[PDB]
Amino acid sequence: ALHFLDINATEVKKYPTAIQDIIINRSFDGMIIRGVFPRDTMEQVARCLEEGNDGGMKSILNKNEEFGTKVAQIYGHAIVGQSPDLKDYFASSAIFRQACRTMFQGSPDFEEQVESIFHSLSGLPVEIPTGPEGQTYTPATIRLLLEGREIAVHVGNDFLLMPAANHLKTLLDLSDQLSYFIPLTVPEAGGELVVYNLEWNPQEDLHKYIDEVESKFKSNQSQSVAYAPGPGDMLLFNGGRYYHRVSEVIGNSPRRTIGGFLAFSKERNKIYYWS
């Protein structure tokens, strides 16, 4: 039942209602957009991180050691699992934007490239949502997935019913939250995005959430598709509706991705993207 599209970033303007078709029409569920960022740009950013000349990106690195092998280490705080006050979230968001802008060196700039992609797929203006006191949300976060580590099965729409999304929920339309990511570094094997035909149910603590989803996902039978995008390719899929995960990274070479989420504004006149 799951349908994805394999298109190049040079033909995004040929699909002007893509985001509309996934969220509202539900005619197709995912999109793999090849060559959004060049391979050299992805190599240079990855090299900036591992060497430490990252514009202070390492200062907002969350090892997530309190969890198991079923989560990624993350550069900046992701909205998921944050406390409802968002004080730490908003401070890391500002550090992220600056450090990310520095690493990309406008070759192309991460924020404007991605925004021009979401705008090409909608025809609507693309913005990073603002907090209650005018603070910026982070446009994305960098997920570092080491050997033996994976991103455990979850569904995206569950996140907008959590206390951290209390303010953001009021800015968005009552519809499916899309999920996006672009690999910086890809592993030798593993680190695949496995998407299941299984759907989110409204009436059905991150440590508790991981254990709850896994126990319910255990019983249910579903169809699966696997995607391993290359460095610079965008994977824009209905992560809000469909249960998905990232398989165990095989080999010494780690998996590094820059991504987040996107959903329509209350009046469907704007696109909001964050992490």
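Throughout, we count residues from 1 along the sequence that is shown.
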Exercise for review: Please say, as none, 1 to 3, 4 to 9, or 10 or more, how many residues of the deposited sequence are without coordinates in the interval between residue 204 and residue 205.
Suggested key: 4 to 9
Check your understanding: Quick one: higher average CA temperature factor, 32-40 or 243-251?
Key -> 32-40
Check your understanding: Which is higher on average in the deposited entry, the C-alpha temperature factors of 259-267 or of 8-16?
Key -> 8-16
Check your understanding: Which of these, 83, 138, 98, 157, has its C-alpha atom at the highest B-factor, as the entry lists it?
Key -> 83
Check your understanding: Highest Cα B-factor in the PDB entry belongs to which of 90, 75, 180, 200?
Key -> 200
Check your understanding: Mind checking which third residue 227 falls in for C-alpha B-factor across the chain?
Key -> middle
Exercise for review: For residue 191, return the chain-relative third of its C-alpha B-factor as stated in the PDB record: lowest, middle or highest.
Suggested key: lowest
Exercise for review: Name the third of the chain's ranked CA B-factors that contains residue 143, choosing lowest, middle or highest.
Suggested key: lowest
Review point. Taking the C-alpha B-factors as the PDB entry records them, is residue 115 in the lowest, middle or highest third of its chain?
Key: lowest
Exercise for review: Please place residue 173 in the lowest, middle or highest third of its chain by C-alpha B factor as given in the entry.
Suggested key: highest
